[PDB]
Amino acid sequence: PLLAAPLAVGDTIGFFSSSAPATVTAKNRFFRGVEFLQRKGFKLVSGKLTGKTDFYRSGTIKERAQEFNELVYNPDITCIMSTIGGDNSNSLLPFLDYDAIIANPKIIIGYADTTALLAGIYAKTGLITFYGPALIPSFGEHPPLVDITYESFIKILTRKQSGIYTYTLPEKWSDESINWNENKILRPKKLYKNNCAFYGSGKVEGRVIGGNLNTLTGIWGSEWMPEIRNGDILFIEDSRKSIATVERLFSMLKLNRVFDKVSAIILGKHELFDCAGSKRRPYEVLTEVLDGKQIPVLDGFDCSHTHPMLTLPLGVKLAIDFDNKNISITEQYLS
């Protein structure tokens, strides 16, 4: 695979808004995120659509593609980071400068709607991109949870590329829709004990592929959707969905023969899942959809819309040990 240069303290991070104009609509949280990374020693370059609104988006399709491309053209930038997701990153894909991405590999990081770009860029270039922090939701998060997010971010991207990396398990997590865009918290978020579950036995090692499942529907079937192959580990997460939507998305994967191919599934913790009173969790729905197909599942990986968030390279080998209840990166993912 194509590998970007590793991150280092003091590096320059460029940020872009490929969908929702949250540098305006969540400006307080944006400013907190900016200050957080600056105090860590990072220099920041603001994408050209920062501070702009086109109602539901930051700008036209072409303007958003231009914003991203301009960061790729900047030789000082080591990391290109999403400000926030939304709905509309998939629009940009025909207009990204893939040749420039190949010529100037950088750490591309974000999540949620930005999946369209992360997966699309991988499909076109083979570049290992990252499911991880977006500036506003991730680094604008109030303490204590932001520190755990940052610890993973800095560890994954700066560590020496020798031997496997085994993920730490966040001690506590939350998904509460409070403390979004103000100077002070209303009150502390509920801190849940980590209820991540490993369904299965032994160890499964394979290339990880996926991201935000709902977002994948926007690139599905196209040349920008990476081919899922036999032995892959499927990584999927969703946010604030009804159980109805979750069944729909799981069945989509089934119809596409994904469950005939994958060796394991990682479900990211689902932010504020709406069970419609059924008290069912996504894993139970997946089990029905699977129709007896035995696939080991890591249910509740902390790489999703919940806080804190871990950083995950996409398109490289992971090993999930279902007996020892851990997950590791086993393939080099930065130069």
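Residue numbers here begin at 1 and follow the sequence given.
Checklist entry - With respect to the recorded C-alpha B factors, which stretch has the higher mean value, 318-326 or 16-24? => result Mean B over CA atoms: larger for 318-326.
Item to check | Mean C-alpha B-factor comparison - 89-97 and 70-78, higher one | outcome: Averaged over C-alpha atoms, the B-factors run higher in 70-78.
Checklist entry - Per the entry, which of 248, 160, 240, 254 tops the list for Cα B factor? => result By C-alpha B-factor in the record, 160 ranks first.
Item to check | Which of 289, 61, 295, 266 ranks first by CA B-factor in the deposited coordinates | outcome: The record points to 295.
Item to check | Record-listed C-alpha B factor of residue 283: chain third | outcome: Middle third of the chain for residue 283's C-alpha B-factor.
Next on the checklist: Using the temperature factors of the C-alpha atoms in this entry, rank residue 42 within its chain: lowest, middle or highest third.
Outcome noted: CA B-factor rank for residue 42: highest third.
Item to check | Third assignment of residue 201 from its chain's C-alpha B-factors | outcome: It falls in the top third of the chain.
Checklist entry - Once the chain's modelled residues are ordered by C-alpha B factor and cut into thirds, is residue 34 in the lowest, middle or highest one? => result CA B-factor rank for residue 34: middle third.
Item to check | Record-listed C-alpha B factor of residue 114: chain third | outcome: Lowest third, going by the recorded CA B-factors of the chain.
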